[PDB]
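To start, the structure under review is shown below, and the notes come after it.
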Amino acid sequence: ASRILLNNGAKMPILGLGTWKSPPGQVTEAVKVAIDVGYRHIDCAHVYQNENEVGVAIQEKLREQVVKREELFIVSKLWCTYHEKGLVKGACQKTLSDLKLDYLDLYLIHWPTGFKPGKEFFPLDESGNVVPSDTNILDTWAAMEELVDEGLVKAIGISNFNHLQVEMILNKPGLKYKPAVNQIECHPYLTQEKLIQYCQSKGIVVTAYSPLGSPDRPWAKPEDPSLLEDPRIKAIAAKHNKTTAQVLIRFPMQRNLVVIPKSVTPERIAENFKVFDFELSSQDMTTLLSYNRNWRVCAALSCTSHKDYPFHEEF
Ligand SMILES: NC(=O)c1ccc[n+]([C@@H]2O[C@H](COP(=O)([O-])OP(=O)(O)OC[C@H]3O[C@@H](n4cnc5c(N)ncnc54)[C@H](OP(=O)(O)O)[C@@H]3O)[C@@H](O)[C@H]2O)c1
Ligand SMILES: O=C(O)COc1cc(Cl)ccc1C(=O)NCc1cccc([N+](=O)[O-])c1
Numbered sequence: 001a002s003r004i005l006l007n008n009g010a011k012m013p014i015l016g017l018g019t020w021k022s023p024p025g026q027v028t029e030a031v032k033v034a035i036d037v038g039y040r041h042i043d044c045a046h047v048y049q050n051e052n053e054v055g056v057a058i059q060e061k062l063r064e065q066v067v068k069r070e071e072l073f074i075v076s077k078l079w080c081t082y083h084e085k086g087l088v089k090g091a092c093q094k095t096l097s098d099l100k101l102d103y104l105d106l107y108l109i110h111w112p113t114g115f116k117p118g119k120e121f122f123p124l125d126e127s128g129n130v131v132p133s134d135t136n137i138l139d140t141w142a143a144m145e146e147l148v149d150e151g152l153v154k155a156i157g158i159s160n161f162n163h164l165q166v167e168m169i170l171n172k173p174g175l176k177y178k179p180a181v182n183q184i185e186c187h188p189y190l191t192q193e194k195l196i197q198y199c200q201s202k203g204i205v206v207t208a209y210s211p212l213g214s215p216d217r218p219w220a221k222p223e224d225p226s227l228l229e230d231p232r233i234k235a236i237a238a239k240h241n242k243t244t245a246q247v248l249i250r251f252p253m254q255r256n257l258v259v260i261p262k263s264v265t266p267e268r269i270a271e272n273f274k275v276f277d278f279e280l281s282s283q284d285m286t287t288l289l290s291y292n293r294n295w296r297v298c299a300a301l302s303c304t305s306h307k308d309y310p311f312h313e314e315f
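Counting from 1, position 314 in the sequence shown corresponds to residue 314 in PDB author numbering; the numbering is continuous, with no gaps.
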C-alpha cells in the first residue's frame, strides 16, 4: 500500500523525498529525478531555504506533463519564528509562493518551540540559548486551523511533538481539526515505540524523518553512531541483497509509518525508492528495533530550556 489514509480523507504517500540540506544549486535536479522515478510526496520547509528551487522542479514537471498537481503530496512546515497567530498565514503564503503552489497537502508546525520573530531563523542569546517567542501550541494550532478553513492547506499536523503536546491539541476546547500527522525522528537507534503507539492509537499518522541517521547533519561528530555504516545493518542488507539505506527505509514502512529519506544524488534518489519489492522478516524487524539507543540527530541543546522543548518527556 503506497499511501496511508489521513483523518481529512486524503491519502498520503508513505515514501517521500526529504529536502533538508539539498543545496539550491542541486535540489531542482533532485526533485525532478524523484518525480521521474515515482516520488509523489516531497517534504519541504521554509527553513530549508530551497522551496523556490523545489517549486522550480515541480512547475517544470507539471509543464512537462509528468505529473498533475492532485497527484503530488507537498508538505511544508511553519518555521519556529512564525508561530504568532498573525504570522502564520503569511508564512504559509510565502511557502506557497516559493513553491509556486496554490495549496499545500500538509502543513506542519515544524517544532513545538516558537522562537522570537525576526529575519534570523535561529536566534540565540549571547550565551547560545535560543530566544523563544511568547507563543503556545494551542493558538498556533488555531492559526493552522484557519489555513484549512481558508483553503490554503488540505491538512495540518505537527512535528517533533511529544505525546503530551499532541494531547494538548487533542483536548483543545473548540478543536476544529485534529492533527493528521506527527512527523518525528525515527530509525533503529531511535525506534520511538511509545510515541508511535500513542499516535497510532489516536488516529494520527506518523512520519519518520532522518531514517538513514542524517549523516550529512551539520552538527555530526566522529564518535556518533553511524547507521549507514553499522555492520549489523549491512549484514541484514546483505542477506536481502539490498543496500543498508534500503533496509533503513523499508523498516519504518513495515511499522505503518511514512518515511522521507533525503538525497540530491540521482543514483541514490532512485535507489531509495526501490523499497516496495522486499520485506524485512520478523527477526529483522525485531533485530532492528533492538538497536534502539534513544539517539537523536535532531535535538538542539540550544533549546533544552524552551518551555515546549519536546524531549524532556520519555515520549
Ligand atoms: N520535521 C523535522 O524536524 C525534520 C528534521 C530533520 C529531517 N526532516 C526531513 O527528513 C528528511 C530526511 O532526513 P535527513 O535529511 O536528516 O537525513 P537522512 O534522510 O537520514 O540522510 C540523508 C543523508 O543520507 C545520504 N543518503 C541518502 N540516500 C543514501 C543512500 N542510498 N546511500 C548512502 N547515503 C545516502 C544523503 O546523501 P546525498 O544527499 O549526498 O545523496 C544525505 O547525506 C529531511 O531532508 C527533511 O525533509 C524533518
Ligand atoms: O529542523 C529540521 O527540519 C532540520 O534541522 C534544521 C534545519 C535547518 Cl535548515 C536549520 C536548523 C535545524 C535544526 O537545528 N533543527 C533542530 C531543532 C530546531 C528547533 C527546535 C529544536 N528543539 O530541539 O527544540 C531542534
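Think of the CB as a built atom: it goes at the ideal place given N, C-alpha and C, for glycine as much as any other residue.
Once you ignore the five residues that flank residue i on each side, which residues in its own chain have a CB closer than 8 Å to its CB?
i: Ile-42; result: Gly-16, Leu-17, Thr-19, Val-31, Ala-34, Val-54, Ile-58, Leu-72, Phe-73, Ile-74 and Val-75
i: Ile-249; result: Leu-15, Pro-211, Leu-212, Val-259, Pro-261, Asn-272 and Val-275
i: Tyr-103; result: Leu-96, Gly-151, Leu-152, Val-153 and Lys-154
i: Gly-90; result: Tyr-82
Can you list, in chain order, the residues of its chain with a C-beta nearer than 6 Å to that of residue i? Leave out the 5 residues immediately preceding and following it.
i: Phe-311; result: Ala-299
i: residue 333; result: The question about residue 333 has no answer here: the residues shown for the chain are numbered 1 through 315.
i: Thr-244; result: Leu-228, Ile-233, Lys-234 and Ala-237
i: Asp-105; result: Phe-73, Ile-74 and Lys-154
i: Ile-4; result: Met-12, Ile-14 and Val-205
i: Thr-113; result: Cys-80, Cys-303, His-306 and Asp-308
i: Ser-214; result: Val-297
i: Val-67; result: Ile-35 and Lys-61
i: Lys-194; result: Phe-315
i: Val-56; result: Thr-28
i: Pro-24; result: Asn-50 and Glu-53
Just checking my contact of residue i with residue j at CB under 8 Å: how many whole Å lie between their CB atoms?
i: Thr-207; j: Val-181; result: 6 Å
i: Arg-293; j: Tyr-189; result: 5 Å
i: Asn-256; j: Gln-200; result: 7 Å
i: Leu-147; j: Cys-92; result: 5 Å
i: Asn-160; j: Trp-219; result: Not confirmed; about 16 Å, so no contact.
i: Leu-78; j: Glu-313; result: In fact, because the Cβ distance is near 22 Å, the residues do not count as touching under 8 Å.
i: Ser-133; j: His-187; result: Not really, about 30 Å apart at Cβ, beyond 8 Å.
i: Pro-123; j: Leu-87; result: In fact, because the Cβ distance is near 15 Å, the residues do not count as touching under 8 Å.
i: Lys-119; j: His-46; result: Their Cβ separation, rounded to whole angstroms, is 12 Å, which puts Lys-119 and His-46 out of contact at 8 Å.
i: residue 318; j: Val-247; result: Since the first residue shown for the chain is 1 and the last is 315, residue 318 is missing from the structure and cannot be characterised.
i: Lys-85; j: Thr-28; result: That belief does not hold up - the Cβ atoms of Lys-85 and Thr-28 are roughly 33 Å apart, past 8 Å.
i: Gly-174; j: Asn-7; result: Incorrect: roughly 17 Å between the Cβ atoms, too far for contact.
i: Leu-170; j: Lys-178; result: 6 Å
i: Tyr-107; j: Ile-156; result: 5 Å
i: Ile-158; j: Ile-109; result: 5 Å
i: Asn-136; j: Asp-98; result: In fact, because the Cβ distance is near 27 Å, the residues do not count as touching under 8 Å.
i: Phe-278; j: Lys-242; result: 6 Å
Does residue i come out as helix, strand or coil in the three-state DSSP assignment?
i: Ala-45; result: coil
i: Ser-282; result: helix
i: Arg-217; result: coil
i: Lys-116; result: coil
i: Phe-251; result: helix
i: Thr-140; result: helix
i: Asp-125; result: strand
i: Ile-14; result: coil
i: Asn-182; result: strand
i: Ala-208; result: strand
i: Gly-157; result: strand
i: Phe-273; result: helix
i: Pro-310; result: coil
i: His-240; result: helix
i: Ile-74; result: strand
i: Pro-188; result: coil
i: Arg-40; result: coil
i: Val-264; result: coil
i: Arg-232; result: helix
i: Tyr-107; result: strand
i: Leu-5; result: strand
i: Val-259; result: strand
Excluding the five sequence neighbours on either side, which residues of its own chain have a C-beta within less than 7 Å of the C-beta of residue i, listed in chain order?
i: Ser-22; result: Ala-30, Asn-50, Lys-262 and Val-264
i: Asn-129; result: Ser-302 and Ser-305
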